[PDB]
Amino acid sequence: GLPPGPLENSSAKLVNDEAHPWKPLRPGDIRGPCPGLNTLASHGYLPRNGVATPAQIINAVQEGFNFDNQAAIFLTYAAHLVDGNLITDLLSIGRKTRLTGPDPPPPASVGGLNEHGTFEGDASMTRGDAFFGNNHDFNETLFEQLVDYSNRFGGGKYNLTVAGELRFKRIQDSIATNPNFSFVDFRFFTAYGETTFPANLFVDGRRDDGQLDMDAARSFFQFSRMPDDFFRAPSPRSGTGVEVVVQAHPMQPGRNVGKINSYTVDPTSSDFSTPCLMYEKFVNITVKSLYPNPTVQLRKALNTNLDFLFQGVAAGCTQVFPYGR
């Protein structure tokens, strides 16, 4: 279906309402590495089993959290292209599931958001690196470090100052402990953006002060649960303030080279100075590597989702066509 348009009415409102009650997981219900999508599924803004169309996801993040249209479109079609079923139009917000329907040929994985190294990546705040055995479950130890960083840099609250320090700490942790640590291209970009989302979107919209309390933080991060009487943000936003997180500890993109403490800058990687290159590499390398020689119906689905992806890309970039026009 078409990418949904922006909200007609973007006002703060109760989103923990009678039609969107929190419910616990039933057997087969899928939750993954994204606390935003997890919460929308656990409140029935998405299907509660955690399998959704891109249009459902875009409508969910806008209606539930006032995620802005451009950011919703970019992230959703990126995730769908590398992790979703392009024929069925279904994406798992977590583990690989037969519920996304018959699989395309390898090397395409359709592994859901749990798929390491497509969208999901290292130095997550409350999820472990894939190397340590679990890239998707809430980690209490990592959350306790989030609380500690909030206590130290945020006076008990998670804010952009806390985001800047924790983002850097998680990178340094992965460099020290994950011999396979990768922090390039798409992950480099999204890892910074993600640290702003709690401050911008998990803060009750009646306050919108960028100060996330730890009761609200645990409710979202661990239980996929909006606070009682949660109001969504009062205006559309996504990553506003990412500049403060970067400026706190500017990092070059790079990877460990098969050993801990071997972080090596990748001059082939995009960085914040080459945003269009991040888009071009995502399409020409990541998507193309998953679908090198697509059949006619997969090629059509790819080109449609790649057009949709480009709608989410900031003006100034040229669209690239790996399967022609």
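Quick note: we count residues from 1 along the sequence shown, nothing fancier.
Stretches compared: 100-108, 187-195. Higher mean C-alpha B-factor in the entry: 100-108. If you average the C-alpha B-factors over 289-297 and over 262-270, the higher value belongs to 289-297. Of the candidates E120, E165, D204, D228, the PDB record gives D228 the highest C-alpha temperature factor. The PDB entry assigns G128 a C-alpha temperature factor belonging to the lowest third of its chain's modelled residues. Among the modelled residues of its chain, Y279 has a C-alpha B-factor that falls in the middle third, as given in the PDB entry. Among all modelled residues in its chain, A41 ranks in the lowest third by Cα B-factor. Looking at the C-alpha B-factors along this chain, the one for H249 belongs to the middle third. Per-chain ranking of the deposited C-alpha B factor places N66 in the lowest third.
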